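The block underneath contains the structure these notes are about, expressed in structure tokens.
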Amino acid sequence: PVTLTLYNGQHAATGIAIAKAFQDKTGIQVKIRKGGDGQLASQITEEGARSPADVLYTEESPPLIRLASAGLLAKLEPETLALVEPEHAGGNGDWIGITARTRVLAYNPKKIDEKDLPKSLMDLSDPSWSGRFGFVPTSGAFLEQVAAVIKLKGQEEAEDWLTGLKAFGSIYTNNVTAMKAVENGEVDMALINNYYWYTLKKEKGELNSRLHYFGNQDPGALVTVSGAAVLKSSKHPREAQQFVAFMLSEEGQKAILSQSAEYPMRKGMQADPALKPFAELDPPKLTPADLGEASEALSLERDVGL
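If you want the entry's author numbering, it's the position in the sequence shown, counting the first as 1, plus 28.
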């Protein structure tokens, strides 16, 4: 019996859920190697032809763009590519978006009124916000945020903004910690992806904290995609292609969305109605390809010491 190996950079329970759904549907066993996006992409790069990985599933797109550029990803079947909009797949069709998420501003309405929140992500470099907001500069999500600021506002403004965040922002090493810190009144607001609030609400029932959406094509309204790919080295090419296709089936998308409050990439599928409607987000006009590997953003983070 074939066993597929899934390198899962997405959340642990999401990889488990989709692996279970595929295994029940097809009888194909799915073994999961859990890791971070970059750790897994680096492992695949070092393992080369000996890599046991059949499918890679990542939280963010930069690792897929990196591996695609190296030629490590198999072209996806056209039937699979037809399940999503072209802007939500790799340019050469060797990786495909699975879900999308959005940056938000979580805030405690007991500590700051909605009308007094910063109008733009770019306002948070101002000294008046010192000590009032948390962020997670070591996260791949924040890396994409920086790349978006560089792309929308230019390198010099991005450097000035990130300098202000180094001066004035409260550094958290974990998104769940930052979200609970807002919920528990330790910090007034935090820059996070939307789905952390929903995970915490599911656990606690009702929350004190609320989500603010910057909208208005603000850099802080960035939408990013998680993605998946078949490894060119896979010795189970038919089965691996079947797996990625199943991730974008109605059943697979539902299994994935049962574990994270994100937006489905399968055309014609609606998200959880409790999410802010996708058409209302007014995000900046940046695609996965626009953000790329976020190499300039990484260098800027290093230069500022974040």
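Every residue gets a Cβ at the ideal spot worked out from N, C-alpha and C, and that includes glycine.
Would you please state the rounded distance, in angstroms, between the beta carbons of residue i and residue j? I believe it to be under 8 Å.
i: residue 165; j: residue 199; result: 6 Å
i: residue 101; j: residue 123; result: 6 Å
i: residue 253; j: residue 316; result: 6 Å
i: residue 82; j: residue 268; result: 4 Å
i: residue 321; j: residue 94; result: 5 Å
i: residue 180; j: residue 312; result: 6 Å
i: residue 175; j: residue 334; result: Rounded, the Cβ-Cβ distance is 14 Å, inconsistent with contact.
i: residue 192; j: residue 139; result: Not really, about 21 Å apart at Cβ, beyond 8 Å.
i: residue 289; j: residue 222; result: 7 Å
i: residue 272; j: residue 251; result: The Cβ separation is near 21 Å, so there is no contact.
i: residue 171; j: residue 246; result: So it is not a contact: roughly 18 Å between Cβ atoms.
i: residue 299; j: residue 46; result: With a Cβ gap of about 17 Å, residue 299 and residue 46 do not count as contacting.
i: residue 161; j: residue 219; result: 7 Å
i: residue 84; j: residue 276; result: Incorrect: roughly 15 Å between the Cβ atoms, too far for contact.
i: residue 187; j: residue 314; result: That belief does not hold up - the Cβ atoms of residue 187 and residue 314 are roughly 19 Å apart, past 8 Å.
i: residue 304; j: residue 241; result: 6 Å
i: residue 109; j: residue 121; result: 5 Å
i: residue 228; j: residue 235; result: 6 Å
With DSSP collapsed to three states, give me the class of residue i.
i: residue 68; result: helix
i: residue 254; result: strand
i: residue 54; result: helix
i: residue 334; result: coil
i: residue 315; result: coil
i: residue 62; result: strand
i: residue 301; result: coil
i: residue 265; result: helix
i: residue 29; result: coil
i: residue 320; result: coil
i: residue 246; result: coil
i: residue 182; result: coil
i: residue 173; result: helix
i: residue 287; result: coil
i: residue 158; result: coil
i: residue 310; result: coil
i: residue 276; result: coil
What residues in its chain sit with their C-beta under 6 Å from that of residue i, if we drop five residues either side in the sequence?
i: residue 59; result: 31, 33
i: residue 306; result: 291
i: residue 237; result: 134, 136, 210, 211
i: residue 72; result: 79, 81
i: residue 262; result: 82, 268
i: residue 98; result: none
i: residue 105; result: 269
Take residue i and list the residues in its own chain whose beta-carbon comes closer than 8 Å to its own, dropping the five residues that flank it on each side.
i: residue 62; result: 36, 40, 43
i: residue 55; result: 29
i: residue 279; result: 49, 53
i: residue 151; result: 157
i: residue 167; result: 203
i: residue 297; result: 278, 281
By DSSP's criteria, residue i is part of a beta bridge. Which residues make up the other side?
i: residue 199; result: 163
i: residue 34; result: 60, 83
i: residue 259; result: 101
i: residue 292; result: 127
Tell me which residues share the same chain as residue i and place their Cβ nearer than 7 Å to its Cβ, disregarding the 5 neighbours each side in the sequence.
i: residue 255; result: 86, 89, 92, 123, 124, 125, 126
i: residue 264; result: 30, 32, 82
i: residue 224; result: 203, 204, 207
i: residue 116; result: 125, 253, 293
i: residue 69; result: 91, 94, 95
i: residue 310; result: 243, 244, 245, 249
i: residue 77; result: 261
i: residue 113; result: 295
i: residue 38; result: 85, 86, 87, 254
i: residue 194; result: 332, 333, 334
i: residue 155; result: 196
- Query: Which ranges does the alpha helix (DSSP H) cover as unbroken runs of at least 4 residues, wholly within the segment 212–244, from first to last along the chain?
  - Reply: 223–232
- Message: Quick check on the DSSP output: what are the complete alpha helix (DSSP H) runs of length 4 or more inside the segment 71–156, in order along the chain?
- Response: 90–97, 106–109
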